[PDB]
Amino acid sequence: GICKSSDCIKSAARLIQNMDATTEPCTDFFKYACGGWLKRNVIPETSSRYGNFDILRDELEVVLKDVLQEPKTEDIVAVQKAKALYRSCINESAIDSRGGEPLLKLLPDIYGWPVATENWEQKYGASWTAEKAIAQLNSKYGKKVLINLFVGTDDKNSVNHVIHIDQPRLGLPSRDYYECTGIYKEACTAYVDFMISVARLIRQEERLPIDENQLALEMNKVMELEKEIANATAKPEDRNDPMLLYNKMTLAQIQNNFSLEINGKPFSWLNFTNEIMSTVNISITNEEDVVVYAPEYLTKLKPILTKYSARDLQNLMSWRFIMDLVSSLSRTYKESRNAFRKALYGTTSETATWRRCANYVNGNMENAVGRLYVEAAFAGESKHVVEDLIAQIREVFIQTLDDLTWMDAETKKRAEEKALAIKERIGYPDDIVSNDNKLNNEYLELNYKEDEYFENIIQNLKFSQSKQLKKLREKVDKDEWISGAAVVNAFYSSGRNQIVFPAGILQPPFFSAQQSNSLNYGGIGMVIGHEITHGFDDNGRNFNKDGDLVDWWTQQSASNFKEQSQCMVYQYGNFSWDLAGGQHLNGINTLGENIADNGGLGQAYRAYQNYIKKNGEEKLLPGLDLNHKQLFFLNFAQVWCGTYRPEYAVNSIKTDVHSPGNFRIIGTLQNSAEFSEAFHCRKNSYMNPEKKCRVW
């Protein structure tokens, strides 16, 4: 009783070609499940990571290029904009002819780039101050330097917005890089050379005189500034407790508890905060409430700042925006990035311009692009089947609450509470197809010119930032999706207490109404449990049914969670990762994702078990000597057939909240008794340790 459908033939062939049945599943299940993929595939030059998951994202791009590249008479305005933005984006000759000019037009208006100016002090240092300068970059261009102010949702009341202050992101991927030795040396060297190179082009294009030594002089000074700011930022592992993280102040407290002396002042938080909010005609009292994520960093900032010029400061501040612009300029500007992105990413070339451009438009017009994607590529009934799967898996989670010995009764009850309260977002929002007005109106204020890509993307930064800040006194809309449809991913929002599964992830190998349920439950089913479980991981457990940051745990149950979850900190902490040169994974920074994998997979199996009990076994797949319990786990693993470039592995072992795909397979299956029953694994086989972690 082999299935011999078209769709069964496709499924089986993919499973076969990926796997290496030469390998004992119980010795190394990633090798087993993925061995044939590993043999046949080399990472593309434009890829920092490649794998089945990334391939889906490459395939989604092909769809986007098809729906963006050809004007259609009936196209509503919203989509004409997307396509026009697309067209402005793929015209390189237009862009190459403008050189850097579009940036030079731009410089004066963020207070300059001193290293690339004459008499910066005469021109600006007058007008200059750090209030005014940090605030420009932030409110006009959304670039967050020195101090990150951001209108956001309020962790303690999910219907409101607040102003946040947090530590900024850095020009290198993580604070660790600023060690600048060993595995980090090239990066630091490439980074400053890239500074240097960009500032030389501008001086040249300005026809200014070029003194290499002073360039190095000033760009090294920028680096040692950023080094200090790096050392002053808190680690991820010390940022992971949302109750620790949430400290609400008035500007008043802030001004009196977190003083800064920049240049010679010192710093007017009130002034700073109004230069930003001013940008949207809103008024801020020194009595305004602010959520402060990074108190210690602010503290630490004081002595640092007092030590550098306005020139030094602005040289870092402007470069952190310029950084991001130069690949939207001509080829010579493009080129100066070459060695820096190689150092961070290991890639030797830019991705295709049409793909970059397809993704950028998706980024900036996600509902419009998403309408098109769904029309071309998304069936419409996938989404009913997924709705029902989500009901199944949510029920299973609830069930398991009874068999979990490390919570107390009341705590279980609240856990069921919060779970009943999860609200699910599947595929796309019908609005974006049925309601033309609403889609046109989201982009009303935008007007693109097909020969001015750089103007266009400037405008999108302004619009974006205008939008966000004006939410301050507005409620949160509970209609709002937190992802477009044309995205290969899924999401949990603890503020919305909501799970989202875009059209883009609802395809093989994760999902098809035509593929075997075993494949479904091991793919998208595992994914739905992942997302649910995040509501109850080491961040999400802190948020309640309404998305509010408030404790609903007993001290005992909370402490047991920490204890149970500690097992995963150690297990994963202990993997060493060849591609990153033998470093251990960070067990703390991945914990949330690892909890979500182990809970999510177990949930999904039990939901497959529950399915088979009710509907009976499935017909087997042709060409494969495996039953469906076995297939369930095959497919789980094959989602993550993939590899990394060493450079990116070094980047990602610090920056990714996920474990690398291979250790996710191995991580979770070692903790799963079901798996080892599937493949008759000996006690103490590599895949089957006697000691096993469990939380959800």
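All residue numbers refer to positions in the sequence shown, first residue = 1. For the two forms, the rigid core is made up of the largest set of C-alpha atoms that agree within 1.5 Å on superposition.
Structural divergence in 6 other deposited structures of this protein between 167-175 and 123-131: following superposition by the core, 123-131 has C-alpha atoms lying farther from the shown form.
With each structure aligned by its rigid core, the stretch whose Cα atoms sit farther from this model in 6 other deposited structures of this protein, between 520-528 and 338-346, is 338-346. When the mean C-alpha temperature factors of 448-456 and 274-282 are read from the deposited coordinates, 274-282 comes out higher. The mean C-alpha temperature factor is higher for 284-292 when 149-157 and 284-292 are set side by side. Based on the entry's C-alpha B-factors, the most elevated value among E228, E74, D324, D597 belongs to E74. When the C-alpha B-factors of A513, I390, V476, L506 are ranked from the entry, the top spot goes to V476.
Per-chain ranking of the deposited C-alpha B factor places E618 in the highest third. In the PDB entry, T22 places in the highest third of its chain by CA B-factor. In this PDB entry, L15 carries a Cα temperature factor that places it within the lowest third of its chain's modelled residues. Sorting the modelled residues of the chain by their CA temperature factor places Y345 in the lowest third. Sort the modelled residues of the chain by CA B factor and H628 lands in the highest third.
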